[PDB]
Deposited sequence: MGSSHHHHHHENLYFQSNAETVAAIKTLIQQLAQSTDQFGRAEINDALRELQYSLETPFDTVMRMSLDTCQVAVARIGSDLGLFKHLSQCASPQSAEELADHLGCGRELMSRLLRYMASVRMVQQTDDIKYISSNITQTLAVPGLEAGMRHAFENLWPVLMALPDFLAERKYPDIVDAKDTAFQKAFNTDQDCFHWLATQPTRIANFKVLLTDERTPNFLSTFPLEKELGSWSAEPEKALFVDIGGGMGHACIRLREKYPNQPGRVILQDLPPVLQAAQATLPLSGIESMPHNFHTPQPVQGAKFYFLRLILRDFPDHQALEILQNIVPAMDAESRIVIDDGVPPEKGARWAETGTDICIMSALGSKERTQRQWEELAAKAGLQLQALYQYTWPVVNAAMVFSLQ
């Protein structure tokens, strides 16, 4: 029987998944995806590509109704009629959105056709993760919608400029993405919440801090300068893991982001210093200048500018630590290639190989000293650079 076979497959894959770590589970999940694609019929492939786009449209509707937050707090299964009446939604519309949501595990449907939270329901109720989904709907989707015609119009160029990519046609403007976003109040607020989403694991899981420090002394220097550090999660985790390391630990960002960070920052030990990383770096001779998920959002020439603003502040002991994606030369996975297409369409930037990172840093007069990977199989690493 196929239902018996299918239940047995689920049981054994679940038992294998439970017995490995999060990296082994990510590898199993990538293999399940590749098996699905290789096994589908030609018609299934067209259907899958046609319909998987429903997921984020329906998630955005659930978010606007407050459905995922509400269902996450319910202690018992809820009927479609109870959800519809509580949330201000038409009853037949609510019933057919829940039926779609249950079919892709956005919620769970019970045997008596009621609804409970799934793991995905809990995810979409988290503010930072909800904001990532809403960001995909309102900012990424229109740009991907414009990419095919944009490339055809321009005879398939190598996109290298943030001010002439798919973004400009999608939103009918000559501004680049980041500047245009800063003039849109509702989108600014959503990105503010997006910053509260802390990625796990982080670089401190594999970064050999003591061996990189060596005999460095804080005789009143900065140990860690978090450039564009957002909520300062890197500073918070650093002070939490090495609470007796001397040296200033400084969060650098724009004033509005720094204000939103004050609530969750510790009252002691981490300075909030407003700084635009398109300007010369004010902190001189720091041990670590840290750039996490910054340079991936800029083309080569402006990513170079950012590093050139830091280099004149470095001493011989100073290091620029680039914490970012490092996809492989071969066999890159969908999370790191889909990234690449999205940031080319919206920002004109790109993901870069280890060899691509080294070539960019050499234009700044830097040399790679060490690379400390901390996620698998999609590669994120802390890359430590020195003066040439």
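Regions left out of the model, expressed as runs of the deposited sequence counted from 1: Unmodelled stretches, in sequence order: 1-16, 236.
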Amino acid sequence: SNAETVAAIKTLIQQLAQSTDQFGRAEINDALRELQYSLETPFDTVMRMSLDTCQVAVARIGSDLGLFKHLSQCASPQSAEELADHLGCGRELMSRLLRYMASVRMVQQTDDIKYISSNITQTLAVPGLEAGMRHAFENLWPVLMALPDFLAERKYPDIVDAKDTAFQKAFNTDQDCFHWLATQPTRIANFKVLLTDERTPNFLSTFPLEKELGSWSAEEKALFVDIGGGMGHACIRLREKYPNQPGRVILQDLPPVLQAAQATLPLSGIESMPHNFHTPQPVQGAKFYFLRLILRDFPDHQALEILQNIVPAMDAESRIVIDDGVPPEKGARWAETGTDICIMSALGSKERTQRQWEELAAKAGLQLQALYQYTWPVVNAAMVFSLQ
From here on, numbers count along this sequence of modelled residues.
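Residue range whose averaged C-alpha B-factor is higher in the record, 160-168 or 101-109: Mean C-alpha B-factor is greater for 160-168.
Which of 263-271 and 235-243 has higher mean CA B factor, as the PDB entry lists it: For C-alpha atoms only, the mean B-factor is higher in 263-271.
Criterion, highest CA B-factor; candidates, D253, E153, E138, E130: Top of the list by C-alpha B-factor: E153.
Per the PDB entry, maximal CA B factor within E198, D297, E212, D226: The listed residue with the largest C-alpha B-factor is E212.
Chain-wide C-alpha B factor ranking for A8, given as lowest, middle or highest third: Its C-alpha B-factor, which the entry lists for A8, ranks in the lowest third among residues of this chain.
Cα B factor band for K192 (lowest, middle or highest third within the chain): Answer is highest: the recorded C-alpha B-factor places it there.
Chain third (lowest, middle, highest) by recorded CA B-factor, residue given as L371: Middle third by C-alpha B-factor.
Entry-reported Cα temperature factor of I320, expressed as the chain third it lands in: For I320, the deposited C-alpha B-factor lands in the middle third.
CA B-factor ranking of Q122, expressed as a third of its chain: Ranked within chain, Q122 CA B lands in the lowest tercile.
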